[PDB]
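K.L.:
sequence and experimental coordinates follow.
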Amino acid sequence: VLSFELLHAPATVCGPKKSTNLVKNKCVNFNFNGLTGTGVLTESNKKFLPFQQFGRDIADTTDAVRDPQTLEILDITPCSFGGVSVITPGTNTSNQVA
Amino acid sequence: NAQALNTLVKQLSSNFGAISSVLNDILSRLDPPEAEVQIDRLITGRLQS
Amino acid sequence: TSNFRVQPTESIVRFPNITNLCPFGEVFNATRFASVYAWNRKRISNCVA
Amino acid sequence: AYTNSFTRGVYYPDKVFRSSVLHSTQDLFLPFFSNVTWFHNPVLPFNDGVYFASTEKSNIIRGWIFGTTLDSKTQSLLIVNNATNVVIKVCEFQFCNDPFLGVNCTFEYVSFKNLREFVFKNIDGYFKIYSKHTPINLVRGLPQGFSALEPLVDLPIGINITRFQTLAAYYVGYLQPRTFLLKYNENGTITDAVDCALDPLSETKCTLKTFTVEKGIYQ
Amino acid sequence: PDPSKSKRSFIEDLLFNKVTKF
């Protein structure tokens, strides 16, 4: 008979864990240890100390993460994005646009 | 202009009395009825910013 | 007129690797078995399974 | 008896890498230039958090005990050192003033030439330990110098603590809820700091989020 | 202008040197 007791102590006996393959150099949705986001994951030389899990830029925005399944310190670029603007001559003269 | 832009960015992390300023917390932790009230606090904050 | 934004091509999750060797099924293929009158108890914790 | 703490008792406040940058935080920290108690022994209060340090040579100190009782009725926290490593348990022992000879548990774990420094902290979101080890000059007083203490463990134990006991010269001080400024080098490392409340110049550094202040007047 | 150089003057270069998320 297998018994299970749950108290106020933190649970240290779990089972298998949530994860996927890790894709570099493409725009991707991601989660690292509960840090969710989306962007282009990339390699880095950023020297995280052994206890450090995440990295931040001057304006507090995340710029790097530890892969919990390897030694990899990734750098996270945001999604490539920008305003789209339409160049047009006046419609009275032509319908062409760029 | 550096102070203006950095202050505008740092205000993303302010709670404005909402449960968290990380929007994915609200979207994962609360059900839509309650989540709309917490998001509307963040919208009111970020918009006033 | 609009904002362009390169979409997530796919979704990723990473968490630590659980796997470790802990004697969990030792009571299954054992040899020292008592009776129902004096049943024993084995505490298996502080590890993974 | 007392001694000057200089600039010791800084520790990494979160598991975050930062580089070439100044960051600010409010937490329990040891104040700069505070009077630590000098020793070369009794049970002591914990207050809101303990700083502990010793002029090590051969890992002389055997461990520590923490709790409300330190004397049964609850699982008081026990910590012990073997060689370079640590043994941890929570125990309802009721020993006399010789617990090192005395030798209901709910948790267990195993991991003057030098100065060892430790911070023992309760977060109510469970309990944590931070640490550092360095060479020093053979002086008994804490040398003027800077490095941060680094985390070792979280204990998911929930034990109530108000006092502690110990199992070289050594020193004790207490953490206080204070703002600090922290400087990070290229390699992720806390490498200078300011205690914001220390003096009006220190408060100016923390007002500006800088270490250098130009001539003028600042609110 | 200095033609050998962004073909700025000498004094324009001092001015472009002294003057000093997503």
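P.N.:
Now that the structure is in, tell me what you want to look at. Residues are numbered from 1 along each chain as shown, chains lettered A, B, ... in the order given.
K.L.:
okay, CA-based contacts and neighbour counts for the rest of this
P.N.:
OK.
K.L.:
contact partners for residue E:2?
P.N.:
Residues in contact with residue E:2, defined by Cα atoms under 8 Å, 6 or more residues apart in numbering or on different chains, are E:8, E:9, E:10.
K.L.:
the first one reaches residue E:14, doesn't it?
P.N.:
No: with contacts counted by Cα atoms under 8 Å, residue E:8 stays clear of residue E:14, the gap being 10.0 Å.
K.L.:
these two: who's more crowded?
P.N.:
For residue E:8 versus residue E:14, the count of surrounding residues by other Cα atoms under 10 Å in any protein chain shown is larger for residue E:8: 13 against 10.
K.L.:
how many neighbouring residues does residue A:73 have?
P.N.:
By other Cα under 10 Å, the residues close to residue A:73 number 21.
K.L.:
with adjacent residues omitted, what lies nearest to it?
P.N.:
Spatial nearest neighbour of residue A:73, chain neighbours left out: residue A:66 (4.5 Å); criterion: Cα to Cα, 6 or more residues apart in numbering or on different chains.
K.L.:
how about residue D:110?
P.N.:
Here the nearest residue to residue D:110 in space, its sequence neighbours aside, is residue D:87; by Cα to Cα, 6+ apart that works out to 4.5 Å.
K.L.:
and what about the closest residue to chain D within chain C, helix, strand or coil?
P.N.:
Taking Cα to the nearest Cα as the measure, chain C has residue C:46 as its residue closest to chain D, at 7.9 Å. In the three-state summary, residue C:46 is assigned as coil, counting by DSSP: H, G, I helix; E, B strand; the rest coil.
K.L.:
name the nearest residue to it, sequence neighbours excluded.
P.N.:
Distance criterion Cα to Cα, 6+ apart; nearest residue to residue C:46, sequence neighbours excluded, is residue A:12 at 5.8 Å.
K.L.:
element containing the one you found, please.
P.N.:
In this assignment (DSSP states H and E), residue A:12 forms part of neither any helix nor any strand.
K.L.:
pretty sure it sits against residue C:45.
P.N.:
Yes: using Cα under 8 Å, residue A:12 is in contact with residue C:45, at 7.5 Å.
K.L.:
how about the residues of chain E by chain B?
P.N.:
For chain E, the residues found near chain B under the criterion Cα under 8 Å from any Cα of the partner chain are residue E:21.
K.L.:
ok, the residue of chain E found nearest chain A - how many residues close by?
P.N.:
Closest contact between chain E and chain A, by Cα to the nearest Cα, is at residue E:21 (6.0 Å). The number of residues packed around residue E:21, counting by other Cα under 10 Å, is 13.
K.L.:
ok, it to chain D distance?
P.N.:
Using Cα to the nearest Cα, to the nearest Å, residue E:21 is found at 15 Å from chain D.
K.L.:
contact partners for that residue?
P.N.:
Residues near residue E:21 by Cα under 8 Å, 6+ apart: A:59, A:61, B:6, B:9.
K.L.:
I'd like to know which of the residues you listed are part of helices.
P.N.:
Secondary structure from DSSP state H places B:6, B:9 of the contacts of residue E:21 in helices.
K.L.:
is it true that residue B:38 touches residue B:22?
P.N.:
No: the pair residue B:38 / residue B:22 is not scored as a contact, 11.0 Å apart, by Cα under 8 Å.
K.L.:
comparing the two, which residue is more hemmed in?
P.N.:
Counted by other Cα under 10 Å, residue B:38 and residue B:22 do not tie: residue B:38 has more neighbours, with 23 against 15.
K.L.:
please identify which helix or strand holds the more buried one.
P.N.:
Secondary-structure element containing residue B:38, defined by DSSP H and E: helix B:32-48.
K.L.:
identify, by residue count, the longest helix of chain D.
P.N.:
Of all segments of type helix in chain D, defined using DSSP H, the longest is helix D:200-208.
K.L.:
which one of the residues in chain E is closest to chain C?
P.N.:
For chain E, the residue closest to chain C is residue E:22, as judged by Cα to the nearest Cα, at 12.3 Å.
K.L.:
all strands of chain C, in order?
P.N.:
Counting by DSSP state E, chain C has these strands, from start to end: C:2-5.
K.L.:
do chain A as well
P.N.:
According to DSSP E, chain A carries its strands in the segments A:27-32, A:35-43, A:54-56, A:62-66, A:73-77, A:81-84.
K.L.:
who does the third one touch, helix- and strand-wise?
P.N.:
Contact partners of strand A:54-56 among helices and strands, from 3 or more Cα pairs under 8 Å, 6 or more residues apart in numbering or on different chains; DSSP states H and E: strand A:62-66, strand D:16-17.
K.L.:
for that strand, which strands pair with it and how are they oriented?
P.N.:
Here strand A:54-56 is paired, per DSSP bridges, with strand A:62-66 (antiparallel), strand D:16-17 (parallel).
K.L.:
any chance of the ones you listed in a markdown table, plus mean neighbour count?
P.N.:
Formatted as a markdown table, the strands paired with strand A:54-56 follow (neighbours: other Cα atoms under 10 Å in any protein chain shown):
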| stretch | mean neighbour count |
| --- | --- |
| strand A:62-66 | 22 |
| strand D:16-17 | 22 |
